[PDB]
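Student: Chains as they are written, first to last, in the entry's author numbering: chain CT, 103 to 202; chain CI, 1019 to 1067; chain UK, 55 to 108; chain Cr, 3 to 144; chain CK, 1 to 297; chain CL, 492 to 540.
Note that the Cβ used here is the ideal one computed from N, Cα and C, for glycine as well.
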RNA sequence: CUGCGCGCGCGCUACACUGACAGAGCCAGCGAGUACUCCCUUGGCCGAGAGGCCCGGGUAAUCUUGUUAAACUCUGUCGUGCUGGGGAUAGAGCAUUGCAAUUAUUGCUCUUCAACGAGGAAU
């Protein structure tokens, strides 16, 4: 289920460097799936091959082991500031400045 | 006159334009009174866990 | 609330707790009909199973 | 039979407890007792003169009958109407020095305790023990 | 009883909405009847509607009856117009003063069939409840500022309109001495209305002249010795209450017997005094741009 | 000296109650908008009519 | 003191013993309440009081608030005396609101302790 949520959010994962076909059904889980692994292209084996410290178990573990997790955290904190912009801590501060 | 007899031009800091930081206005939810919320009928009764 | 039939009868009234009054409910009286959180009173055999697991 | 203080009427209980806290001789009394008023909403000081025991007994029972109470609730409870002379009556809170010092006195005597877990002051387990015991004593005079 | 009042008010509102749609159709049907009698050619959108002709053949006769005035419009007053004597009680605000209670007595004596009620501790929904329980036609509430009245609230029952008005220039009956005034005659008063021309003016004329009992129409043009005058200028209806003798066939001596107002209405609501959420019909539009230029009534 | 001196409170556009003297509005002749209809006072010609 | 045309009107508080005071009992209902903010505020200390202070729950049948409101009920003190009825006027002090409190915003303390002994004719 985490892997399927990641597959429907793979536009967000590559942060604008690579956009994807907007397939948005109501249920992201298909009826028939099978989690497999790329084996080997015999023509390319020096850089088209994940190493032992990068062959992880799930897809979300590969996304987290990749870079730009700080980029996700930066975008999340910008969204959090924009959504805490004027909601209720702002009004608590206004009420305290009036009462002082 | 001001440059000759050495008096600065009058400038009000409350009058000089500034940038205004507006937080996004979020309002409180609806606060239904207890007597009305206990008197209104079953199909429209408020369900709060 | 003004145009309410005092003799209305839905069948959810046999599976819901009404808003009551301040006298019947008490200090914890809001006009909202209380809903279920999903918990349920759990029989002894299943709690025997859960406590063996714990 | 078994007993609480809820099985004993207000005045004969609070008077029995007043006579007990008085007899005991352990109590703290601040010292500004006698020379003090109870509230800004009053005209004269109390007429019992030594009377801090009456409020101590009244406070301690009030706390026994419920979860937790703070100084603010007691000031509000023990306050009444002030005549503003020729302008309408209004309710006015009583003094928080009286009640807070009573609470601290009765805390040091181990008949109530702080309840920072929720706020205020809760009845002590030894406060339940002594209050239920004098409540029994009151019914044993009758 | 209460279920009947609610049901009849809902039926009245539904019938009024159906009358709006039927008036939108019957403005088209009156062109077809006038073109049939006079032969002037009419619009094709009117002459080529088969439903309109097919229903026009049944609904001629109510249009003819409305042209002759043989029927009366669906109204809250047309049910009991000149059949029942409208009973009406006058009440104060909650803790009245002595001049407000004497003023309440004076405007009770203005109506020959009114009664006055002491408020005391009387909750306003139970006041409405007791009015519908005793089949009163009208209630009139009074509000004072400091021994001088500042508002009337004329509410028609069972579900009729409120007219809330503010009073100005009130000269009480209770200021002049008993040597000069006296006991007011209680005869059925003539009424005159001067300056009401809009349909809103005819609305307020209806809800003011259905407060008084109906006059016997056999010889009313010469008999009766007491008149009540509602005349408006600048939509502030000013009311006098006179008593008269006809000292000749060409002259008449008036004598001011009652209080003088210039009440200005500020709210006419299609719903009784309890309903604060009733749909208003008109309200005094202050704080608009041309609300002081435009004159209603 | 008049051009360099401070503007009067009538020539400043926003005159709050701290600037001017106490009853200084009574000496001025300003026009302003009113709101709503005034009530017509009953005069003797009105009562006669 | 509004309003109407030292004079006037609506009022508040009293002249006490069906009371004042002091303890003590202890009971409502209609309300309201803080976002781009300082609203309704419990409890903990400090303070005689007014208040201060540290936290805290609430955009609310959820927290204030059971709004423990007042007359009221009881056990006392006072004893008909302008008396402890009454609390005007006045001095001195401490606080809170507010940029500002003098012509005293309001709050508390001490003191000062006026008229008023049921209102007349009338209405």
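(1) For the candidate residues CK/39, CK/76, CK/89 and CK/82, whose alpha-carbon lies nearest to that of residue 107 of chain CK?
(2) Can you check whether the CB of residue 142 of chain CK is closer than 8 Å to the CB of residue 149 of chain CK?
(3) Can you give me the C-alpha to C-alpha distance between residue 106 of chain Cr and residue 121 of chain Cr, rounded to a whole angstrom?
(4) Can you check which of these residues, CK/270, CK/295 and CK/291, is closest to residue 77 of chain CK by C-alpha distance?
(5) Put residue 256 of chain CK into one of helix, strand or coil per three-state DSSP.
(6) Please report how far the alpha carbon of residue 107 of chain UK lies from the alpha carbon of residue 79 of chain Cr, in whole angstroms.
(7) On a Cα-Cα basis, can you pick out the residue from CK/275, CK/66 and CK/285 that is closest to residue 27 of chain CK?
(8) Using only alpha-carbon positions, find the residue among CK/10, CK/204, CK/18 and CK/25 that is nearest to residue 193 of chain CK.
(9) What does a CB cutoff of less than 8 Å around residue 252 of chain CK pick up in its chain, not counting 5 residues either side in sequence?
(10) Rounded to the nearest angstrom, what separates residue 503 of chain CL and residue 497 of chain CL at their Cα positions?
(11) The beta strand (DSSP E) with residue 105 of chain Cr in it runs from where to where?
(12) Does any CB atom of chain UK fall closer than 8 Å to the CB of residue 1047 of chain CI?
(13) Report the start-end ranges of each beta strand (DSSP E) in the region 102-151 of chain CK that is 3 residues or longer and not cut off at the edges.
(14) If the criterion is Cβ atoms closer than 8 Å, does the pair residue 501 of chain CL and residue 522 of chain CL meet it?
(15) Spatial neighbours of residue 180 of chain CK within its chain, please: CB distance less than 8 Å, with the 5 preceding and 5 following residues excluded, ordered by chain position.
(16) If the cut is a Cβ gap below 7 Å, which residues of chain CI does residue 187 of chain CT touch?
(17) With a cut-off of 8 Å, do at least 3 Cβ pairs link the region 168-185 of chain CK to the region 505-514 of chain CL?
(18) Under 7 Å between beta-carbons, which chain CI residues line up against residue 194 of chain CT? List them in chain order, please.
(19) Residue 264 of chain CK touches chain CL at which residues, Cβ-Cβ below 7 Å?
(20) Flag residue 504 of chain CL as yes if its beta-carbon sits less than 8 Å from any beta-carbon of chain CK, otherwise no.
(21) Between which two residues does the alpha helix (DSSP H) containing residue 56 of chain Cr stretch?
(22) Give the secondary structure of residue 130 of chain Cr by DSSP, where H, G and I count as helix, E and B as strand, and everything else as coil.
(23) Which class does residue 76 of chain Cr belong to by DSSP, given the choice of helix, strand or coil?
(24) Taking 6 Å as the limit between beta carbons, can you name the residues of its chain near residue 102 of chain Cr, skipping five residues before and five after?
(25) With distances taken from CA atoms, which of CK/210, CK/135, CK/263 and CK/212 is nearest residue 236 of chain CK?
(26) Note the first and the last residue of the continuous beta strand (DSSP E) segment covering residue 203 of chain CK.
(27) So residue 274 of chain CK packs on residue 124 of chain CK, CB below 8 Å; how close in whole Å?
(28) Specify the secondary structure class of residue 156 of chain CK as computed by DSSP and reduced to three states.
(29) Kindly indicate the opening and closing residues of the beta strand (DSSP E) around residue 244 of chain CK.
(30) Between the alpha carbons of residue 230 of chain CK and residue 44 of chain CK, how many angstroms are there, rounded?
(31) For residue 190 of chain CK, collect the residues of the same chain with a Cβ closer than 8 Å to its Cβ; drop the 5 residues on either side in sequence, then sort them by chain order.
(32) Which residue's Cα is closest to the Cα of residue 157 of chain CT: CT/141, CT/170 and CT/146?
(33) One question on the structure: do residue 93 of chain CK and residue 272 of chain CK come within less than 8 Å of each other, judged by their Cβ atoms?
(34) For the beta strand (DSSP E) containing residue 5 of chain CK, name the first residue and the last one.
(35) According to DSSP, is residue 84 of chain Cr part of a helix, a strand, or is it coil?
(36) Just the C-alpha distance for residue 39 of chain Cr and residue 46 of chain Cr, rounded to the nearest angstrom, thanks.
Tutor: Reading from the atomic positions:
(1) One-based indexing of the fifth chain puts residue 107 of chain CK at position 107. Between residue 107 of chain CK and the set CK/39, CK/76, CK/89 and CK/82, the nearest pair of CA atoms involves CK/89.
(2) Position 149 of the fifth chain, counted from the first residue, corresponds to residue 149 of chain CK. Position 142 of the fifth chain, counted from the first residue, corresponds to residue 142 of chain CK. With contacts defined as CB atoms closer than 8 Å, residue 149 of chain CK and residue 142 of chain CK qualify as a contacting pair.
(3) Walking along the fourth chain from the start, residue 106 of chain Cr turns up at place 104. Walking along the fourth chain from the start, residue 121 of chain Cr turns up at place 119. Approximately 15 Å, taken between the alpha carbons.
(4) Counted from its first residue, the fifth chain places residue 77 of chain CK at position 77. Of the listed residues, the one whose Cα sits closest to residue 77 of chain CK is CK/270.
(5) As a first step, residue 256 of chain CK is located in the fifth chain; it is residue number 256 there, counting from the start. In the displayed model, residue 256 of chain CK falls within a strand according to three-state DSSP.
(6) The residue labelled residue 107 of chain UK in the question sits at position 53 within the third chain. The residue labelled residue 79 of chain Cr in the question sits at position 77 within the fourth chain. One C-alpha to the other measures close to 52 Å.
(7) To locate residue 27 of chain CK, count along the fifth chain from 1; it is residue 27. The shortest Cα separation from residue 27 of chain CK among CK/275, CK/66 and CK/285 belongs to CK/66.
(8) Locating residue 193 of chain CK in the fifth chain gives position 193, counting from the first residue. When each option's Cα is compared against that of residue 193 of chain CK, the closest is CK/204.
(9) In the fifth chain, the residue the question calls residue 252 of chain CK occupies position 252. Result list for residue 252 of chain CK: 244, 245 and 246, in chain order.
(10) As a working mapping, residue 503 of chain CL is identified with position 12 in the sixth chain. As a working mapping, residue 497 of chain CL is identified with position 6 in the sixth chain. Going by C-alpha positions, residue 503 of chain CL is about 9 Å away from residue 497 of chain CL.
(11) Counting from one through the fourth chain, the residue named residue 105 of chain Cr turns up at place 103. Membership of residue 105 of chain Cr in any beta strand (DSSP E) is not indicated; the residue belongs instead to the alpha helix (DSSP H) covering 98-110.
(12) Along the second chain, one-based indexing puts residue 1047 of chain CI at 29. Not an interface residue.
(13) List check, beta strand (DSSP E) in window: 114-116 and 138-144.
(14) To locate residue 501 of chain CL, count along the sixth chain from 1; it is residue 10. To locate residue 522 of chain CL, count along the sixth chain from 1; it is residue 31. Against a cut-off of 8 Å, the Cβ pair of residue 522 of chain CL and residue 501 of chain CL comes out as no contact.
(15) Numbered from its first residue, the fifth chain carries residue 180 of chain CK at position 180. Sequence-distant Cβ neighbours of residue 180 of chain CK in its own chain, meaning closer than 8 Å and more than five residues away, do not exist here.
(16) On the first chain, residue 187 of chain CT is found 85 positions in, with the first residue counted as 1. Those within 7 Å of residue 187 of chain CT in chain CI are 1041 and 1042.
(17) Cβ pair count under 8 Å is below three, so no.
(18) Within the first chain, numbered from 1, the residue matching residue 194 of chain CT stands at position 92. Correct list: empty, because the minimum Cβ distance to chain CI is about 12 Å.
(19) In the fifth chain, residue 264 of chain CK corresponds to position 264, counting from 1. Within 7 Å Cβ-Cβ: 530.
(20) As a position in the sixth chain, residue 504 of chain CL is number 13, starting the count at 1. Chain CK contact via Cβ: absent.
(21) Against the fourth chain, residue 56 of chain Cr aligns to sequence position 54. Residues 54-66.
(22) Taking the first residue of the fourth chain as 1, we reach residue 130 of chain Cr at position 128. Residue 130 of chain Cr falls in the helix class under three-state DSSP.
(23) As a position in the fourth chain, residue 76 of chain Cr is number 74, starting the count at 1. The three-state secondary structure of residue 76 of chain Cr, taken from DSSP, is helix.
(24) As a working mapping, residue 102 of chain Cr is identified with position 100 in the fourth chain. So the qualifying residues of the chain are 73.
(25) Translated into the one-based positions of the fifth chain, residue 236 of chain CK becomes position 236. Closest option to residue 236 of chain CK, judged by alpha-carbon separation, among CK/210, CK/135, CK/263 and CK/212: CK/263.
(26) Working through the fifth chain from its first residue, we reach residue 203 of chain CK at position 203. Taken as a continuous stretch (DSSP letters only), residue 203 of chain CK belongs to no beta strand (DSSP E), being part of the alpha helix (DSSP H) at 199-209.
(27) Translated into the one-based positions of the fifth chain, residue 274 of chain CK becomes position 274. Translated into the one-based positions of the fifth chain, residue 124 of chain CK becomes position 124. In this structure, residue 274 of chain CK and residue 124 of chain CK form a Cβ contact; the two beta carbons are roughly 7 Å apart against a cut-off of 8 Å.
(28) Locating residue 156 of chain CK in the fifth chain gives position 156, counting from the first residue. DSSP places residue 156 of chain CK in strand when its eight states are reduced to three.
(29) Taking the first residue of the fifth chain as position 1, residue 244 of chain CK is located at position 244. Segment 236-245, the beta strand (DSSP E) holding residue 244 of chain CK.
(30) What you label residue 230 of chain CK is simply residue 230 of the fifth chain in a count that begins at 1. What you label residue 44 of chain CK is simply residue 44 of the fifth chain in a count that begins at 1. Approximately 48 Å, taken between the alpha carbons.
(31) To locate residue 190 of chain CK, count along the fifth chain from 1; it is residue 190. Excluding residues within five positions, the ones whose Cβ falls inside 8 Å are 215, 220, 224, 226, 227 and 228.
(32) In the first chain, the residue the question calls residue 157 of chain CT occupies position 55. If we check each option's Cα against that of residue 157 of chain CT, CT/141 comes out closest.
(33) On the fifth chain, residue 93 of chain CK is found 93 positions in, with the first residue counted as 1. On the fifth chain, residue 272 of chain CK is found 272 positions in, with the first residue counted as 1. Inclusion of residue 93 of chain CK and residue 272 of chain CK in the CB contact set at 8 Å is not warranted, their separation being larger than that value.
(34) Position 5 of the fifth chain, counted from the start, is the residue given in the question as residue 5 of chain CK. The continuous stretches of beta strand (DSSP E) do not include residue 5 of chain CK, which lies in the alpha helix (DSSP H) extending over residues 2-38.
(35) In the fourth chain, the residue the question calls residue 84 of chain Cr occupies position 82. Correct three-state label for residue 84 of chain Cr: strand.
(36) The residue given as residue 39 of chain Cr occupies position 37 in the fourth chain. The residue given as residue 46 of chain Cr occupies position 44 in the fourth chain. Roughly 7 Å separates the two Cα atoms.
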